[PDB]
C-alpha cells in the first residue's frame, strides 16, 4: 500500500503533523490547516463510495493510512481514523441521506458518538431526538453527526440505531479537559427536541443483516465488512500507529545518546510486540476482505478472532509504549516532547469501549466452546 497516491501524499505531510503536535495538544483541537491538508491527500475519501468521488478502498489501505498519521500525531491519527470511518458508515444509510450530506460537496465530514447518550421517540415521518452525546472526536471539523441510541415507541426501546443530524440542529459544548488525546477535541453534541426523518436513521441490526439500504447502490465489497471489525479496528489502528511513532522517537533519541543491555532488550520487546499487533490487526481485516471479494460471507469464527486480536493489538501497543517510556527515564518527563505525549495519548485511547479486552476475550472463548453469543460488538 505504500505506493498508493494517498500514502505518498501523507508521507509528505508527516513532518508538519509532528511539528504541530504540541500546538494541537495546547489548543485541544486538530488545527484546521492539518484537516485541510489531510483532505487534500484524499485520505477522507478512502472509504467513501465511488458515486461520491471516493476510493471505496481495500480497508487495509485505510488502516495503513491511519497507522501512518497516528505515528506523527496521536490526536490527529485518532480523529483521522474516526472521521474517516464515518464515510464508510454513511455509505450504508439510504441514498437520500448520502445525498443530503454529499449532494453539493463531497468533502463534507461527519463526527459521531455511538454510545447511547440520547434517544429518538417515534413521531410522524421519523423521530424526535434528545441527548447529550459526549466524546465526539473531531466534532468541530464536521457538519453532521451520527449519534447512537435506542428508538422509543409506546414507552419501550424497539431498535438501536444511529441518527444522522446536521450541525444546524445541534450545539457543541466545549468540555474536553483530559490527560491524553487532548488534541482530539472530543466535545459533546447536544441535541434538544430535534426532528430526524426516517431516511436519516440506520439500525445496527439492518447493517448486520446485510440489509442496510445503502448497499443497493454502494455495492463495493468493503461495505459488506462487519461493523464489529470495522469500528473497533478504527480505534486500535491509531493506537498501534502511536506505538510506531513512540518507538521511532525513542530509538532516535537513545541512539544518539548511546553498556546497557536492558535498554536494548526493551527495544527488542517493544518493536516485536508492535509488529505482532499490526500483523494481527491488519491480517484479520485482510482475511475478511479477501472472503468478501471472493463473494463469500465472513465466517463468525473470523469475526471472533478479529475482536480477540484487535483488543490485544491495543494492549501490545500500550505495553510497548510503556516499556519505552520507562526505559527512557528522566529525559522523557519533559513537557512538549514526543514520547510522554504518545504515552498519555495511547492510555487515553485505551478507555474506548471497543478496547475493553475482557469483553472480546470472553466472547472469543464462548465461541471456542460453541456456546451462544449475544454481544453485538463482533
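Positions refer to the first chain, counted from 1.
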#### Entry: Deposited but uncoordinated residues in the residue 123/residue 124 interval
none
### Query
Taking only the CA atoms, which stretch has the higher mean B-factor in the record, 155-163 or 100-108?
155-163
### Task
With reference to the PDB entry, specify whether the mean Cα temperature factor is higher for 284-292 or for 171-179.
171-179
## Note on the structure
The residue of 117, 276, 243, 235 with the maximal C-alpha B-factor according to the PDB record is 117
### Query
Which is it among 130, 71, 81, 272: the one with the largest CA B-factor in the entry?
130
### Message
Lowest, middle or highest third: which one holds residue 87 when the chain's residues are ordered by CA B-factor from the entry?
### Response
middle
### Query
Should residue 201 be placed in the lowest, middle or highest third of its chain by the C-alpha B factor in the entry?
middle
### Among modelled residues of the same chain, the CA temperature factor third for residue 308
lowest
### Query
Based on the entry's values, in what third of the chain does the Cα temperature factor of residue 314 lie: lowest, middle or highest?
lowest
### Message
Could you place residue 12 in the lowest, middle or highest third of its chain by Cα temperature factor, using the values in the record?
### Response
highest
